Protein chains: 6
Amino acid sequence: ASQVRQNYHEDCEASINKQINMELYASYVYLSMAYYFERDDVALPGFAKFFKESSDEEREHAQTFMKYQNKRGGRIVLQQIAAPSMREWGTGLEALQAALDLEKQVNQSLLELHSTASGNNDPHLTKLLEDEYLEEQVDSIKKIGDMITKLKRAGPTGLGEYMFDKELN
Amino acid sequence: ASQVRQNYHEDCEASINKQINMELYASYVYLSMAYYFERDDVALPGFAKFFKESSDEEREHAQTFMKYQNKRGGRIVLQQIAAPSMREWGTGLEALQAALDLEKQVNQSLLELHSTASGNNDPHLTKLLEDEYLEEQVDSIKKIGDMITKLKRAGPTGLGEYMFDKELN
Amino acid sequence: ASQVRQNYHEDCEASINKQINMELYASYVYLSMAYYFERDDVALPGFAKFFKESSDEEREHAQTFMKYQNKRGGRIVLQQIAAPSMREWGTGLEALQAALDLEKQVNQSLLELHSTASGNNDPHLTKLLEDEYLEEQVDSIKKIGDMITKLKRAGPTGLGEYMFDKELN
Amino acid sequence: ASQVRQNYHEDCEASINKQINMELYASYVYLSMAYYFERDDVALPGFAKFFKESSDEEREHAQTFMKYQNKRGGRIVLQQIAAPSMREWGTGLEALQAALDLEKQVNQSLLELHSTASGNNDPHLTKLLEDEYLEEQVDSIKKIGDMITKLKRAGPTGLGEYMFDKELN
Amino acid sequence: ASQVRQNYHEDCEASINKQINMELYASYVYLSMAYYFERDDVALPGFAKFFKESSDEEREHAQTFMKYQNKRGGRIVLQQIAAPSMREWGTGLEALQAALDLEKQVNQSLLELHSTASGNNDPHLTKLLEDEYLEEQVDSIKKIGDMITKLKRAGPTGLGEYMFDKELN
Amino acid sequence: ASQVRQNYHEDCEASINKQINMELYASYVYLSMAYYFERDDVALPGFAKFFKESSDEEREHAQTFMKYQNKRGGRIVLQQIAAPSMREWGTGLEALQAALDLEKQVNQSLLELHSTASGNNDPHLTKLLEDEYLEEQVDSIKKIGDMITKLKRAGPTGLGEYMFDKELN
Ligand SMILES: [Hg+2]
Ligand SMILES: [Hg+2]
Ligand SMILES: [Hg+2]
């Protein structure tokens, strides 16, 4: 047992190790899209840069959990990073409809770790989730909301996606 | 052979002379398209500006090869530059679809030139082709691929063609 | 096929996909090290950074091939990222040594991709490697090699490790 | 016909698709001369630069008509561009002698065209050749008058030529 | 063997301990020429400077291999450096004539080495000679092609030589 | 005797020619050591950087003497530069102990050269040796004395050798 650990139950320590994989796995889906939107027969540069940023953002969430793991006394245990269930994503809107759910799923879990953190009387963990993750998830689920509403009003297909791209970019 | 020739085979020397001419046919195809898209009945300045720079880029290719001639000790022989097949290029897409194949044909003749160069072990030439021609000849093929796809998403004629041009501009 | 594709072997295309995954896992293994060295029971600030720098730039090697995959017209097949071989990477000497192996295992993989490409007669990817990989890998081998000797000189254990991590920081 | 066309007689239009190909040939003759002089065995940088900008001048003179073509509602026809009869151009003197003479032809047709212009009563056209060409050709010819006189005094073969080359450079 | 050594065939290593001594001799031949030309009775500052930087170029070319030696895990052997056969070098012309010819030998082995390189299938090595030497030697040779042509026109003995010396200076 | 010789005796003129050669043997000994300390198995950049500058300094000596040759009216005769006795210099101390004696031997040959110069009353040469050679040849002998003592205090191998190098750097 590390020299720096107190009021850190080991249950929470293990779900930090499951967020980091969920955080890791997500950033690996956002990267598949960005570069799918970089394909010649796709040629959506504005979704590409959006998801590459999503790729980078999610990768930082994971790292900021891994430093917290080292910041309470717990140990990092890095499982695999599986493959996104898909290669091709189709329209930019379909891309967005999936990112929304993954974000909810990630918000699902960030909300659950918080109540796991809460049964253990860990007000230092609840805080972490609470200025570094719980607001960035909900700004970001609201962000795709708007975006989807803008693209379907934009006319989800054809000239609407090409124009929506330019404003995204 | 003048005083400076070392490991420059005649077949590799003539194919360059060809490359000078066929890269000059292109500057001229791109020259036609540029002013066609600048006709009062056409009125596509972005399309026009693109093919202008192409013509320009493509003539620089040709002059680069000319400088490679005197460097290695060869004798430039300039050949008649042919007028383009056509005067009227239809739509911008039919000129984007036109140049892609023309950028591929050139891409083809450089690889032929590449594979003639190392069979007579002239790695200096295959240096020249790599860090100069085979590089930007793929960057521009990828480029015209993106544009054809986007323009098609945009609606290649009508309001769609008018927007894509103002982002090409 | 892709509208940009020209002279692009399917198996000179699977090797990209393959190499895409070797860098990622290396990125991931260099991620596992950077944070092992930020444990309160190893706390080696200088090895940690060094392996941070190693991770991110390994990820950029995966994204540059990703870019090249879409260029020649190929289609990105992403796979899982196997877990890192370890959790605990031992001594700072013991960390570098295994990163030496993996640099090599990547380098060796590169030299085959080159051998792959040279056989199908495609000088664009052999350019891509010689100009973006084959060099810098041999580089990353030498530094680690230099660092392993220096640390063996500095006395691999004790005050030498401590003073090495300071210079490297 | 054209939205814009007004007071544009078809023999003007036809004579311009003649001048353009005529300036494109002169522009292609100075490129021959421009590069012939960078051969290791010719090696006069001063005559080389003098013909490249010449080739570029002749070449931007051609575009000006092509553009004036689109202003007036006419239609550019681009013809084949004949390769020059010579490739071995001789003394810098003999090069200046063939220059002055190709200039005078480009003059002789541009005067001719003003006559054609004055006949089909175009005051728009008669200005264009005056304030853009006949001004520009007369000056061009008197400078080769000066140079060729200056090179015969300095000495057309030998050290005098080396010296005139530098002052040109 | 070495920590770093990978895909380094012993005939490459041996050929490099040959090129290094070969560049050190060329670097020692331009020093002879560099200083011979500052003798009171020779007294050509322009040819002197031209050979010193030559000697310095040849001399920093040698170190580059010695360094590439340490990168690849090879072992530099430094041999004796033979003093040049001549000390009295003659006309600036005769000096430029022996130059161009020592260059072509330094070329002829560096090509040879690329063949050796291509045979023992080193893509690391084939790049080094290309992007660092064969690029650098071809240019070096065409400039002495130019100079020697320029000095025969200006006159190899007498006032013409004094003049070519200054423009060189 | 050329037009500029006054009070330059042949014995004093040849000993300089020797000094040119033996100062060039040294630049080369220091050249070897520099890259040896830069080998992956050695990894001593400070030691390497020192011997580099030495090689450099020592060749400047030699070229200074070469300029003194033409000044006084002498004829440089360059002699074969011998390879160093050894390739592998053991430790840094065994190279610091190596160069000290080599800096002394040179120091010896200059004094011999000094005492040959004023016996034939050439005080200009004894000017040259004093304000140029006998000056910095003692500053550097004092320098290598300090370093051997300090490094020995430091513990000439192990953690002691690693520190001293980083202050040599
Ligand atoms: Hg817990
Ligand atoms: Hg007319
Ligand atoms: Hg080899």
# chains A, B, ... in the order shown; residues from 1 in each chain; ligands from 1

$ interface_residues --of "chain A" --to "chain C" --cutoff "8 Å" --atoms "only C-alpha atoms" --output "ChimeraX atom specification"
/A:2-4,32,35-36,38-41,66-67,70,73,76-84,87

$ write_last_selection --atoms "C-alpha atoms" --output "PDB file, in the first residue's frame"
ATOM      1  CA  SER A   2       1.426   3.329  -1.236  1.00  0.00           C
ATOM      2  CA  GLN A   3       2.539   5.923   1.326  1.00  0.00           C
ATOM      3  CA  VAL A   4       0.028   8.611   0.233  1.00  0.00           C
ATOM      4  CA  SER A  32     -11.623   6.492 -36.681  1.00  0.00           C
ATOM      5  CA  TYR A  35      -9.873  10.048 -40.666  1.00  0.00           C
ATOM      6  CA  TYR A  36     -12.921   8.463 -42.236  1.00  0.00           C
ATOM      7  CA  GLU A  38     -10.621  12.646 -44.441  1.00  0.00           C
ATOM      8  CA  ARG A  39     -11.239  10.043 -47.189  1.00  0.00           C
ATOM      9  CA  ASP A  40     -11.457  11.304 -50.782  1.00  0.00           C
ATOM     10  CA  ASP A  41     -14.967   9.930 -51.290  1.00  0.00           C
ATOM     11  CA  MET A  66      -4.443   8.145 -14.642  1.00  0.00           C
ATOM     12  CA  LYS A  67      -2.655  10.987 -12.793  1.00  0.00           C
ATOM     13  CA  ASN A  70      -1.406   8.165  -9.029  1.00  0.00           C
ATOM     14  CA  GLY A  73      -2.453   6.183  -3.856  1.00  0.00           C
ATOM     15  CA  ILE A  76      -2.749   2.028 -12.916  1.00  0.00           C
ATOM     16  CA  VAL A  77      -3.748  -1.194 -14.703  1.00  0.00           C
ATOM     17  CA  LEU A  78      -4.095  -0.736 -18.467  1.00  0.00           C
ATOM     18  CA  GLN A  79      -6.272  -3.277 -20.260  1.00  0.00           C
ATOM     19  CA  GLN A  80      -6.794  -3.338 -23.950  1.00  0.00           C
ATOM     20  CA  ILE A  81      -8.239  -0.655 -26.197  1.00  0.00           C
ATOM     21  CA  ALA A  82     -10.665  -2.573 -28.386  1.00  0.00           C
ATOM     22  CA  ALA A  83     -11.593  -1.595 -31.913  1.00  0.00           C
ATOM     23  CA  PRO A  84     -14.510   0.696 -32.693  1.00  0.00           C
ATOM     24  CA  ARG A  87     -14.841   1.488 -39.922  1.00  0.00           C
TER      25      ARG A  87
END

$ residues_near_ligand --ligand "ligand 3" --cutoff "10 Å" --atoms "only C-alpha atoms and all ligand atoms" --output "PyMOL selection string"
chain E and resi 7-16+113-122+125-126

$ write_last_selection --atoms "N, CA, C and O atoms" --output "PDB file, in the first residue's frame"
ATOM      1  N   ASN E   7      20.368  -4.241 -39.337  1.00  0.00           N
ATOM      2  CA  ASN E   7      20.303  -4.193 -40.799  1.00  0.00           C
ATOM      3  C   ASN E   7      21.514  -3.415 -41.341  1.00  0.00           C
ATOM      4  O   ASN E   7      21.424  -2.605 -42.268  1.00  0.00           O
ATOM      5  N   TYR E   8      22.687  -3.680 -40.757  1.00  0.00           N
ATOM      6  CA  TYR E   8      23.939  -3.018 -41.134  1.00  0.00           C
ATOM      7  C   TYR E   8      24.948  -4.092 -41.550  1.00  0.00           C
ATOM      8  O   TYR E   8      25.565  -4.745 -40.699  1.00  0.00           O
ATOM      9  N   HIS E   9      25.113  -4.266 -42.866  1.00  0.00           N
ATOM     10  CA  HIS E   9      25.982  -5.299 -43.410  1.00  0.00           C
ATOM     11  C   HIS E   9      27.429  -4.801 -43.441  1.00  0.00           C
ATOM     12  O   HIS E   9      27.713  -3.638 -43.783  1.00  0.00           O
ATOM     13  N   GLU E  10      28.344  -5.711 -43.066  1.00  0.00           N
ATOM     14  CA  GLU E  10      29.727  -5.353 -42.768  1.00  0.00           C
ATOM     15  C   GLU E  10      30.464  -4.782 -43.971  1.00  0.00           C
ATOM     16  O   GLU E  10      31.463  -4.077 -43.785  1.00  0.00           O
ATOM     17  N   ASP E  11      29.997  -5.062 -45.190  1.00  0.00           N
ATOM     18  CA  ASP E  11      30.532  -4.388 -46.368  1.00  0.00           C
ATOM     19  C   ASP E  11      30.020  -2.977 -46.548  1.00  0.00           C
ATOM     20  O   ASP E  11      30.648  -2.197 -47.271  1.00  0.00           O
ATOM     21  N   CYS E  12      28.943  -2.597 -45.879  1.00  0.00           N
ATOM     22  CA  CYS E  12      28.642  -1.175 -45.854  1.00  0.00           C
ATOM     23  C   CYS E  12      29.633  -0.468 -44.959  1.00  0.00           C
ATOM     24  O   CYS E  12      30.376   0.407 -45.410  1.00  0.00           O
ATOM     25  N   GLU E  13      29.702  -0.913 -43.697  1.00  0.00           N
ATOM     26  CA  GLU E  13      30.670  -0.409 -42.726  1.00  0.00           C
ATOM     27  C   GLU E  13      32.076  -0.306 -43.304  1.00  0.00           C
ATOM     28  O   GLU E  13      32.764   0.700 -43.115  1.00  0.00           O
ATOM     29  N   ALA E  14      32.520  -1.339 -44.012  1.00  0.00           N
ATOM     30  CA  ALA E  14      33.875  -1.321 -44.545  1.00  0.00           C
ATOM     31  C   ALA E  14      34.006  -0.304 -45.668  1.00  0.00           C
ATOM     32  O   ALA E  14      35.026   0.388 -45.771  1.00  0.00           O
ATOM     33  N   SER E  15      32.980  -0.187 -46.509  1.00  0.00           N
ATOM     34  CA  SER E  15      33.006   0.807 -47.573  1.00  0.00           C
ATOM     35  C   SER E  15      32.952   2.237 -47.030  1.00  0.00           C
ATOM     36  O   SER E  15      33.389   3.171 -47.718  1.00  0.00           O
ATOM     37  N   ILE E  16      32.446   2.428 -45.805  1.00  0.00           N
ATOM     38  CA  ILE E  16      32.370   3.781 -45.257  1.00  0.00           C
ATOM     39  C   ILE E  16      33.708   4.219 -44.680  1.00  0.00           C
ATOM     40  O   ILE E  16      34.092   5.389 -44.814  1.00  0.00           O
ATOM     41  N   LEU E 113      28.785   3.081 -53.851  1.00  0.00           N
ATOM     42  CA  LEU E 113      28.346   2.741 -52.508  1.00  0.00           C
ATOM     43  C   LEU E 113      26.829   2.554 -52.477  1.00  0.00           C
ATOM     44  O   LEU E 113      26.315   1.632 -51.836  1.00  0.00           O
ATOM     45  N   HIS E 114      26.099   3.372 -53.239  1.00  0.00           N
ATOM     46  CA  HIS E 114      24.658   3.175 -53.340  1.00  0.00           C
ATOM     47  C   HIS E 114      24.323   1.814 -53.914  1.00  0.00           C
ATOM     48  O   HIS E 114      23.288   1.229 -53.580  1.00  0.00           O
ATOM     49  N   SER E 115      25.168   1.310 -54.805  1.00  0.00           N
ATOM     50  CA  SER E 115      24.962  -0.025 -55.346  1.00  0.00           C
ATOM     51  C   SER E 115      25.198  -1.077 -54.269  1.00  0.00           C
ATOM     52  O   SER E 115      24.316  -1.896 -53.980  1.00  0.00           O
ATOM     53  N   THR E 116      26.400  -1.072 -53.677  1.00  0.00           N
ATOM     54  CA  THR E 116      26.627  -1.786 -52.429  1.00  0.00           C
ATOM     55  C   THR E 116      25.454  -1.627 -51.467  1.00  0.00           C
ATOM     56  O   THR E 116      24.952  -2.616 -50.924  1.00  0.00           O
ATOM     57  N   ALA E 117      24.972  -0.396 -51.281  1.00  0.00           N
ATOM     58  CA  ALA E 117      23.822  -0.164 -50.408  1.00  0.00           C
ATOM     59  C   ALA E 117      22.567  -0.891 -50.903  1.00  0.00           C
ATOM     60  O   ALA E 117      21.878  -1.569 -50.129  1.00  0.00           O
ATOM     61  N   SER E 118      22.231  -0.729 -52.188  1.00  0.00           N
ATOM     62  CA  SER E 118      21.023  -1.360 -52.718  1.00  0.00           C
ATOM     63  C   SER E 118      21.102  -2.882 -52.659  1.00  0.00           C
ATOM     64  O   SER E 118      20.068  -3.555 -52.548  1.00  0.00           O
ATOM     65  N   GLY E 119      22.312  -3.435 -52.745  1.00  0.00           N
ATOM     66  CA  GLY E 119      22.517  -4.865 -52.776  1.00  0.00           C
ATOM     67  C   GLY E 119      22.310  -5.490 -51.421  1.00  0.00           C
ATOM     68  O   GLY E 119      21.487  -6.398 -51.277  1.00  0.00           O
ATOM     69  N   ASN E 120      23.037  -5.007 -50.417  1.00  0.00           N
ATOM     70  CA  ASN E 120      22.765  -5.424 -49.045  1.00  0.00           C
ATOM     71  C   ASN E 120      21.484  -4.783 -48.501  1.00  0.00           C
ATOM     72  O   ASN E 120      21.352  -4.611 -47.284  1.00  0.00           O
ATOM     73  N   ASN E 121      20.561  -4.414 -49.394  1.00  0.00           N
ATOM     74  CA  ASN E 121      19.189  -3.991 -49.081  1.00  0.00           C
ATOM     75  C   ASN E 121      19.132  -3.077 -47.854  1.00  0.00           C
ATOM     76  O   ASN E 121      18.487  -3.372 -46.843  1.00  0.00           O
ATOM     77  N   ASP E 122      19.834  -1.949 -47.955  1.00  0.00           N
ATOM     78  CA  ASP E 122      19.688  -0.924 -46.939  1.00  0.00           C
ATOM     79  C   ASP E 122      18.953   0.274 -47.510  1.00  0.00           C
ATOM     80  O   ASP E 122      19.526   1.028 -48.317  1.00  0.00           O
ATOM     81  N   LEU E 125      20.665   3.449 -45.825  1.00  0.00           N
ATOM     82  CA  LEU E 125      21.874   3.931 -46.469  1.00  0.00           C
ATOM     83  C   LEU E 125      21.577   4.569 -47.827  1.00  0.00           C
ATOM     84  O   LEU E 125      22.128   5.625 -48.151  1.00  0.00           O
ATOM     85  N   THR E 126      20.716   3.953 -48.645  1.00  0.00           N
ATOM     86  CA  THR E 126      20.500   4.514 -49.979  1.00  0.00           C
ATOM     87  C   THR E 126      19.978   5.933 -49.904  1.00  0.00           C
ATOM     88  O   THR E 126      20.261   6.738 -50.794  1.00  0.00           O
TER      89      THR E 126
END

$ residues_around --residues "range 103-111 of chain B" --least-positions-apart "5" --cutoff "12 Å" --atoms "only C-alpha atoms" --output "count of residues only"
57

$ select_by_dssp --residues "chain F" --states "alpha helix (DSSP H)" --output "PyMOL selection string"
chain F and resi 10-36+45-72+92-117+123-129+136-154+159-168

$ residues_around --residues "residue 151 in chain E" --least-positions-apart "2" --cutoff "8 Å" --atoms "only C-alpha atoms" --output "number ranges by chain"
E: 93, 147-149, 153-156, 160-161, 164

$ write_last_selection --atoms "C-alpha atoms" --output "compact mmCIF listing (two decimals), in the first residue's frame"
# COMPACT_ATOMS: atom_id res chain seq x y z
CA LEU E 93 42.31 26.12 -65.40
CA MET E 147 33.61 27.75 -64.37
CA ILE E 148 36.04 25.93 -66.67
CA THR E 149 33.92 26.89 -69.64
CA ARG E 153 36.10 32.07 -72.79
CA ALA E 154 37.63 34.75 -70.56
CA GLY E 155 41.11 33.36 -71.36
CA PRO E 156 42.98 30.84 -69.19
CA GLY E 160 41.28 37.00 -68.57
CA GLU E 161 42.43 34.90 -65.62
CA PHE E 164 37.82 35.47 -63.68

$ closest_residue --among "A:159, A:92, A:43, A:112" --to "ligand 1" --atoms "only C-alpha atoms and all ligand atoms"
A:112

$ atom_distance --atom1 "CA of residue 158 in chain B" --atom2 "CA of residue 49 in chain A"
28.2 Å
